2 protein chains.
Amino acid sequence: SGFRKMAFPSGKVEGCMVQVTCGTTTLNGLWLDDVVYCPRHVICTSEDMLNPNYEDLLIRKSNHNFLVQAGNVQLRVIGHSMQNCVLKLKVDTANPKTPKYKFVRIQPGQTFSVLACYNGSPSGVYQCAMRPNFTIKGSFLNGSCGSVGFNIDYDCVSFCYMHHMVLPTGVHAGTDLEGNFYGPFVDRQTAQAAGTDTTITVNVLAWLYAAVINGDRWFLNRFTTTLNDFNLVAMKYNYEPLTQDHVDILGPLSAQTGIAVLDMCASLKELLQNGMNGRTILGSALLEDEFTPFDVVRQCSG
Amino acid sequence: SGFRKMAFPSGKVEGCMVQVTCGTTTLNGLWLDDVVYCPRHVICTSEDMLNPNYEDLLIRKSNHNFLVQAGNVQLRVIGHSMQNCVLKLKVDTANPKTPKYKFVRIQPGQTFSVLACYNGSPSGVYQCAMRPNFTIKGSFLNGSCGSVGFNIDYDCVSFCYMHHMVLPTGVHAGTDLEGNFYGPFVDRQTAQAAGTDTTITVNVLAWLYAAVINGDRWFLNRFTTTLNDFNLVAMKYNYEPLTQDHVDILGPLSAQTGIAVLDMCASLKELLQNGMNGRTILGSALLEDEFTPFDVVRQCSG
């Protein structure tokens, strides 16, 4: 009756990670087909990062200022383009380890795996959520920059995130693989406020369903509620509003457990209003919001 | 200031997982050099599992009863041996994807990554601890059997665990790669009691050091304690005794934070005796014991 926060197998992504340097600045890149992708701030020093003019900085850089490494192999560049906040470095060899892949822009509340790398070398993999305020609560030390987030469907790697910045608050911000930031953030070493963050209500519910499936059902009550009245309580505890789309998305879990989505919401309501009284759910003392309904399904069905 | 439970990159292990079937029974195997390794209970039906005579069951099985698959390739066997609770199936091709590897027997309290597979196909990776009572709190659905646990050092995969059983309580038990069970367990569908489980004290301390490093230090006090008096309290809350070896192992973390191991223990004491008072440490409301001192170092230093 086990339930673990599982990342996707990282093998397809490991063979795509490279090192990218200029000057004192090294970070991680992603080598796909004949293109390396990395944060454009690789071209900056720490002084440049206060107020970088990326256009003007990019004009001063030589191909040969960019040392792309891959293990104990150094690669060579034949064309370079800035797309938003990503640098595309066309290279002298198409990665033979290129998986089938797509680039996707995910929505707040969606999950993905991160392959944390230091210097183009994989160190670890973890599963996380994109927060409603478009930050990531990551584990990123000096030069985990350029580490990517992904989902795997069948044979296809869907790349959705590239780490760019740690905010003064210690949370992470990054871009899609076209180089557009998630959230209001910019690649400048400046004061940048994230929004109020909220809990991903639909994910919490999914995880309560996981808990029922795995045999942990003390929090079930025979109260119910409407969506509208649930959302009154939710809004008070900085939970995201739940929509009928969210209810629809929970239907397979409702079907499996014989527990109506709106009855699970009424359980959650009592949890929010009364706490856990020192009890745990799936071995956790807080309500977990980093499993989507899809994640719970995938893990419960194989 | 992020701290995540990270698994090792799984690529080296993904290219070693295969499917093994007999009858209605399929499960995961590990294909290294010219040998496939899998739980010996692959040769059993669910009826056989009450009281299997593995010697006699093994005598009735034909090579050709064993369908080893690898993606969309089926492999063929030339020799078979039972080593303890593992079957070794010598095969007609040395895995070209074989990494550098070792087989190790780990100690309770040590961590490792599991590549959860269904039918020889990787589904996910997670980090876990071997509990003091030699169970694993896993995520293993029907035929995640034969899924392996591992650590990576540099270029070398150290295989330490193979999942065999779910206990009636829902926890998992398994063997080393020589087929010796961790703990008192046996591969029979019978009533088997795990010990009282305890919390891995040294790991909790390591994680408190992680918390200090990441800026979360409300629980620091200016009390201290002796080891002997700490262990009085620990024993009351079903914490493993802390030894001078454990103190020694925490020295690098003590050095980095300027907090003496015994002062951190006195912090832990107050935590055990008073709870958290609704506060969190590293975003958790319980004390985490699945990070070793080595894990905390590796994550904090790159």
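Parameters at a glance
Residues numbered from 1 in each chain as written, not as in the entry; some residues may be left out. Chains lettered and ligands numbered in written order. Heavy atoms only, no water. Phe/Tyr/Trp six-rings, centres within 6.5 Å; stacked < 30°, edge-to-face > 60°. Helix = DSSP H or I, 4+ residues; strand = E, 2+ residues; numbered from the N terminus. Buried < 20%, exposed > 50% of the residue type's maximum accessible area, 1.4 Å probe, protein only. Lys NZ or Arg CZ within 6 Å of the ring centre and 35° of its normal. Least-squares fit on C-alpha atoms. Contact = heavy atoms within 4.5 Å. Domains from an automatic or database assignment. Salt bridge = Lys/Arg side-chain N within 4 Å of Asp/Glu carboxyl O. Arc of directions from axis to C-beta. Polar contact = N/O pair within 3.5 Å; in protein donor to acceptor, adjacent residues only side chain to side chain. Buried area = accessible area lost by both parts, 1.4 Å probe.

- Looking at the entry header, you'll see X-ray crystallography listed as the method and 1.90 Å as the resolution.

## Remarks on the packing of aromatic side chains
All names here are of chain A.
Then step 1. Applying the stated criterion to the full structure yields 18 aromatic pairs over all chains.
Then step 2. Ring geometry for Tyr126 against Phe140: centres 6.3 Å apart, planes inclined by 75 degrees, an arrangement best described as edge-to-face. With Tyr126 in strand β10 (residues 122-129) and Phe140 in the loop between β10 and β11 (148-153), the pair connects residues that are 14 residues apart, well separated along the chain. Assigned by exposure class, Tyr126 and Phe140 land together as buried.
Then step 3. Measuring from ring centre to ring centre gives 6.5 Å for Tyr161 and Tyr182, while their planes differ by 35 degrees; the resulting arrangement is tilted. One end of the pair, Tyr161, is in strand β12 (residues 156-166); the other, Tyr182, is in the loop between β13 (172-175) and α3 (201-213), with 21 residues separating them in the sequence.
Then step 4. A relative accessible area of 1% places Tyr161 in the buried class.
Then step 5. Linked through ring pairs, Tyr37, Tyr101, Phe103 and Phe159 together constitute an aromatic cluster.
Then step 6. The aromatic ring of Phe291 is capped on one face by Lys5, whose charged end is 5.9 Å from the ring centroid.

## Here we look at the relation of the copies chain A and chain B
Then step 1. With an axial shift of 0.0 Å and an RMSD of 0.0 Å, the rotation relating chain A to chain B amounts to 180 degrees. Taken together, the turn and the small shift mark the pair as related by a two-fold rotation axis. Using C-alpha coordinates, one finds that chain A approaches the rotation axis most closely at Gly11 of chain A, a distance of 1.7 Å.
Then step 2. When the interface residues of chain A are mapped onto chain B, 100% of them again lie at the interface, so the same face is used by both copies.

## Things to note about the domain arrangement of chain A
Residues and elements named next belong to chain A.
Then step 1. The domain architecture assigned to chain A consists of domain 1 (11-175) and domain 2 (201-301).
Then step 2. If you average the C-alpha positions of domain 1 and of domain 2, the two centres end up 35 Å apart.
Then step 3. At the junction of the two partners, domain 1 supplies 8 residues and domain 2 supplies 7 residues.
Then step 4. Run the count over domain 1 and domain 2 and you get 1 salt bridge.
Then step 5. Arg131 is the salt-bridge partner of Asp289, the closest N and O atoms lying 2.8 Å from each other.

## Looking at helix α4 (residues 227-236) of chain B
Within an α-helix, residues lying three or four positions from one another point in the same direction, as the helix has 3.6 residues per turn.
Residues and elements named next belong to chain B.
Then step 1. Of all the residues in α4, the buried ones are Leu227, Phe230, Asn231, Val233 and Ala234. For α4, the arc enclosing every buried residue in end-on projection is 160 degrees, short of the 170-degree limit, so these residues lie on one face. Seen from the buried face of α4, the exposed residues on the opposite side, beyond 90 degrees, are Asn228, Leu232, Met235 and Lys236.
Then step 2. Among the structural elements, α3 (201-213), α5 (244-249) and α7 (261-274) are those in contact with the buried residues of α4.
Then step 3. Its side-chain oxygen 3.3 Å from the backbone nitrogen of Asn228, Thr226 forms the N-cap of α4.
Then step 4. Looking one or two residues past α4, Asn238 carries a phi angle of roughly 55 degrees, positive in sign.

## A look at the interface of chain A and chain B
One frequently used descriptor of interface size is the decrease in accessible area upon assembly of the parts.
Then step 1. Opposite the 36 residues of chain A that make contact, chain B presents 36 residues.
Then step 2. Here chain A and chain B share an interface that buries about 2,500 Å² over both sides, 58% of which is from carbon and sulfur atoms.
Then step 3. When residues of chain A are sorted by the area they lose upon contact with chain B, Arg4, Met6 and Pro9 of chain A head the list and together hold 25% of the total.
Then step 4. Summed over the shared surface of chain A and chain B, the number is 2 salt bridges.
Then step 5. When the shortest N-O distance is used, the salt bridge between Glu290 of chain A and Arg4 of chain B registers 2.7 Å.
Then step 6. Counting every contact that joins chain A to chain B gives 17 residue pairs in polar contact.
Then step 7. At the level of elements, α1 (11-14), β9 (111-117), β10 and α8 (293-301) of chain A are the ones that each hand at least two residues to the side of chain A that touches chain B.

## A closer look at the pattern of salt bridges
Then step 1. Applying the stated criterion to the full structure yields 20 salt bridges over all chains.
Then step 2. Among the salt bridges present, the one from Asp92 of chain B reaches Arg76 of chain B, with a minimum N-O distance of 3.7 Å. Here the residue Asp92 of chain B occupies a position in the loop between β7 (86-91) and β8 (100-103), and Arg76 of chain B occupies one in the loop between β5 (73-74) and β6 (77-83), the gap between them amounting to 16 residues.
Then step 3. Owing to a relative accessible area of 41%, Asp92 of chain B belongs among the partly exposed residues under this scheme.
Then step 4. The closest approach of N and O atoms between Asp197 of chain B and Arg131 of chain B, which form a salt bridge, is 2.8 Å. Here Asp197 of chain B, found in the loop between β13 (172-175) and α3, pairs with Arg131 of chain B, found in the loop between β10 (122-129) and β11 (148-153); they are 66 residues apart in sequence, far enough to count as distant.
Then step 5. Ionic contacts of the salt-bridge type, sharing partners, join the residues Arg4 of chain A together with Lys5, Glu288 and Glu290 of chain B into one network.

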